[PDB]
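Participant: just need the structure, nothing else, for what follows:
(chains A, B, C, D, E and F)
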Amino acid sequence: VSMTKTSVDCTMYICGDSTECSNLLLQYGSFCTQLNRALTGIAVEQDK
Amino acid sequence: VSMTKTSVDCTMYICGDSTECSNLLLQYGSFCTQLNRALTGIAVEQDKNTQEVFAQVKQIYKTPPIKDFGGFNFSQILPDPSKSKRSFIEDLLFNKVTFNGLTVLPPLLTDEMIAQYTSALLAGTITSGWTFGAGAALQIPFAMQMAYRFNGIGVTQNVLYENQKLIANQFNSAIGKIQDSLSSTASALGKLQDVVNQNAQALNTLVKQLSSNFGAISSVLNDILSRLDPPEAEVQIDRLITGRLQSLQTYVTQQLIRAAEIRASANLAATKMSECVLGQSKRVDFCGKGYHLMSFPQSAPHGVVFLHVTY
Amino acid sequence: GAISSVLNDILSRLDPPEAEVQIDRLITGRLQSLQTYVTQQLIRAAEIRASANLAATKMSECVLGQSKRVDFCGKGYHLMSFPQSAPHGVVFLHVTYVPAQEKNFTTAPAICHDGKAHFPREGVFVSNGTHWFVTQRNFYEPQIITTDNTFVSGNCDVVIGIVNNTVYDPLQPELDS
Amino acid sequence: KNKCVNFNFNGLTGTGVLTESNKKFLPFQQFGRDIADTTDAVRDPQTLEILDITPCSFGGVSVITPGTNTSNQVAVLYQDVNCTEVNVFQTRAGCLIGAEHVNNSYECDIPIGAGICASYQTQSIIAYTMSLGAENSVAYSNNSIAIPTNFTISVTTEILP
Amino acid sequence: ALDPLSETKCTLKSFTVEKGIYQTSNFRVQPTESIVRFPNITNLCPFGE
Amino acid sequence: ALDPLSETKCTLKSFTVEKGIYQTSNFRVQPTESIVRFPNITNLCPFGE
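Facilitator: Residues are numbered from 1 along each chain as shown, chains lettered A, B, ... in the order given. Have a look at this structure:
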């Protein structure tokens, strides 16, 4: 029925505690945010 | 039932009319063509979902001119001949739902034609009942239809004929509450609002990714060609190609995943339209809470609404 | 984007420290191809999994038994299903009961014999313009309306659209005999 | 104006159909973008006038044709393209060249889009509104009923991969 | 490049084409002439002086 | 960065906030000290040699 609700932060996984890394990751744009939308979207779906 | 048919040109998106970009884009093989065949496959599938749900009968059934259905007022569900003939509820369902190579294809079956299929199935359940879904349409009085629908749930036919006026007031009042809830509660169509917004967010997010650099000196191809030489421009342009190419692979991947969700929901609505609407289903809680008598179909933008009459 | 699609050409043409740059492009390019192919197969796996559950549902429900679901087994009232194997699939032969010929008749919710309303127990009352009979909703079979083929309840004043007819009580001619 | 031409303004460049509109930018606003950060309108630097950036007509070129054993006559569809920028019938999906529009509605054989379909009939290709089946005014009343006198055992072929 | 019928044969990779609609190519209106626009050249330098 | 109410607006890109729960940011405990520990400095390397 339900899966393991996981919310992997796109920034911390790719750039773990790094501001220089984060500035490079902003150049990709929604490739970071869109993964958070889906992962947060899955967690809401498992509750449904 | 269906999604927004969006055929994104793989070449125009990655390469904004840049010959140097296209020459490098061809080096990636058929990733460009595969993205087009996937979205082209989706757009054909959204039409199949519309056909399996709405294009269920090969005849356009019409109601008689005299609106005498044994006390059941279907004026709020039948098409309005004065208004794109749609019912008063359908008018609420349509009103309560809100460049760079992204070709938004139209559907095969238009909204004015979707309402005609629903009116055909609606007229069939009213005039023919459960006989037009199995074979030739056999007219039955609606008071007689509901009697055997009561018998299908363990209720003897005498309950209807002895309380035919009761169900008429309950049914007509129940339809009235639906119009009040749809007109008052804007979140009643929240199911379809999430679908059109999800496709809109992915579509808008797809266009916003063109402004992203993906590690390149600039997101615009013309700036790279103007700033750097040809042998140097190919490196930075490649970063935008591989960056924008993976964006389409992401968008196509999400749309394919969402297509499976709408495909499953369309097959669910296809089972309801083919079982719950065309006839009477003994599946408990399949047509919603309560013993299912019949279900009247209603159209909506890229969706379908069922009015499950339950005992 | 590499100098050549063949790995042997890169290793032969370019030096070791320069070959890794061009070989990396073929790796990420061919890896992206596999990630694309596997992503599509996992998606098509969801499509074939749905049709497999439908086929399994349309096997165990339609072949192994009878289903009252409309349009679940072909077109019409389901009688039986004979499955037929196919390459990487299955084909069902949904045998259905399709009414073809029809005729218009006059009916009523009940009949009045002695003031009480007689409802149809299992079937529907019909009329050929001269006499009243009872038959099934899915087959025309004129049967004389008896006390066993009907159901007594209420009176004839409450029922809307009720008519008058004579009910054949089997005790009457048997008692008179 | 009103021509698909490449443009090079003060700060922004691109390709699209230059055309005026009724919009009004602010005195300092020189360019304009849509919700998705795509340039949708600009102000001409020389003349103080607003100019919308309509994209050049683009879309897929679909070919409507019957079977090879039927005939070699075909029709072309320019998706989302007006017939003035390609006897000829303008459809909601695009400009359909090579098909005669017929008022009589027939069954959808070759689904084009937006309720429009085509078929090879008496010979050439025709265009028509998608017919949703044969009209059947079911005779309904509070006393009539249809009971089936005969039936046919039909065997439906359901294919499921 | 003979006729639209042949485009379907090359797109579908089959001589025989079935009754239906098939996407063979894409239509793209090319730019007719590059249009360069810039504000009027005001505040001239004092090179003539 | 004003308040959690504003954090939802820039997250959802909507002025009107709807009823519900929304993830807006990521809590990250910042480091307190700048500890840099190294082995005992006994001898110096002979770069002069």
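Participant: residue contacts, whichever residue of chain A sits closest to chain B?
Facilitator: Residue of chain A nearest chain B, by Cβ to the nearest Cβ: residue A:29 (3.4 Å). (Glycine included, C-beta is placed from N, CA and C.) Residue A:29 makes contact with B:208-209, B:211-212, B:214, according to Cβ atoms under 8 Å, 6 or more residues apart in numbering or on different chains.
Participant: closest to chain F out of those residues?
Facilitator: Once Cβ to the nearest Cβ is applied, the member of the contacts of residue A:29 that ends up nearest chain F is residue B:208, at 10.7 Å.
Participant: ramachandran angles for that closest one?
Facilitator: Here is the backbone geometry of residue B:208 (degrees, to the nearest 10): phi -70, psi -30.
Participant: against residue F:21, how distant is the residue of chain A most remote from its centre?
Facilitator: Note on chain A: the largest C-alpha distance from the chain mean falls to residue A:1, namely 23.3 Å (Cα atoms, centre = their mean). Remark: distance between residue A:1 and residue F:21 (Cβ to Cβ, to the nearest Å) = 22 Å.
Participant: indicate the residue of chain C located nearest to chain E.
Facilitator: residue C:40 (19.5 Å).
Participant: for residue D:98, grab the count of nearby residues.
Facilitator: Neighbour count for residue D:98, taken as other Cβ atoms under 10 Å in any protein chain shown: 20.
Participant: helix, strand or coil for residue E:2?
Facilitator: Assigned by DSSP: H, G, I helix; E, B strand; the rest coil, the conformation of residue E:2 is coil.
Participant: just to revisit the earlier point, separation between the residue of chain A closest to chain B and residue B:247?
Facilitator: Taking Cβ to Cβ, one finds residue A:29 at 9 Å from residue B:247.
Participant: residue E:4 too?
Facilitator: Distance from residue E:4 to residue B:247, by Cβ to Cβ: 33 Å.
Participant: strands paired with the lengthiest strand in chain E, and their directions?
Facilitator: Determined from DSSP state E, the single longest strand within chain E is strand E:20-28. Strand E:20-28 sits in its sheet next to strand D:58-65 (antiparallel), going by DSSP bridges.
Participant: what's in contact with the strand it pairs with?
Facilitator: Contacts for strand D:58-65 (Cβ under 8 Å, 6+ apart): B:7, B:9, B:12, B:101, B:103, D:73-81, D:94, D:96, D:98-99, D:110, D:112, D:118, D:125, E:4-5, E:7-8, E:17, E:19-29.
Participant: let's see that with 6 Å instead.
Facilitator: B:103, D:74-77, D:79-81, D:110, D:118, E:4-5, E:8, E:17, E:21-28 (Cβ atoms under 6 Å, 6 or more residues apart in numbering or on different chains).
Participant: out of those residues, which are buried?
Facilitator: B:103, D:74-77, D:79-81, D:110, D:118, E:4-5, E:8, E:17, E:21-24, E:26-28 (16 or more other Cβ atoms under 10 Å in any protein chain shown).
Participant: nearest to chain D: which residue in chain C?
Facilitator: In chain C, no residue comes nearer to chain D than residue C:74, which is 2.7 Å away by Cβ to the nearest Cβ.
Participant: gap between that residue and chain B?
Facilitator: Going from residue C:74 to chain B by Cβ to the nearest Cβ, to the nearest Å gives 10 Å.
Participant: was I right about that residue contacting residue D:154?
Facilitator: No. The pair formed by residue C:74 and residue D:154 falls short of the contact definition of Cβ atoms under 6 Å, at 7.3 Å.
Participant: what touches both of the two?
Facilitator: Common neighbours of residue C:74 and residue D:154, using Cβ under 6 Å, 6+ apart, are residue C:96.
Participant: neighbour count winner among these two?
Facilitator: More crowded of residue C:74 and residue D:154, by other Cβ under 10 Å: residue C:74, with 22 against 16.
Participant: which element, helix or strand, includes that one?
Facilitator: When elements are assigned from DSSP states H and E, residue C:74 belongs to no helix and no strand.
Participant: same check on residue C:21?
Facilitator: Using DSSP H and E, residue C:21 sits in helix C:16-60.
Participant: what is the neighbour count of the nearest residue to residue D:90 once chain neighbours are set aside?
Facilitator: Distances taken as Cβ to Cβ, 6 or more residues apart in numbering or on different chains place residue D:83 nearest to residue D:90, at 5.2 Å, with adjacent residues excluded. Neighbour count for residue D:83, taken as other Cβ under 10 Å: 15.
Participant: spell out which parts of chain D neighbour chain E.
Facilitator: With Cβ under 6 Å from any Cβ of the partner chain as the criterion, chain D meets chain E at residues D:3-10, D:15, D:44-45, D:56-68, D:72, D:74, D:76, D:78, D:81, D:110.
Participant: narrow those to those in strands?
Facilitator: D:3-8, D:15, D:58-65, D:76, D:78, D:110.
Participant: from these, which would you call buried?
Facilitator: If we count by 16+ other Cβ under 10 Å, these have these buried: D:4-7, D:15, D:58-65, D:76, D:78, D:110.
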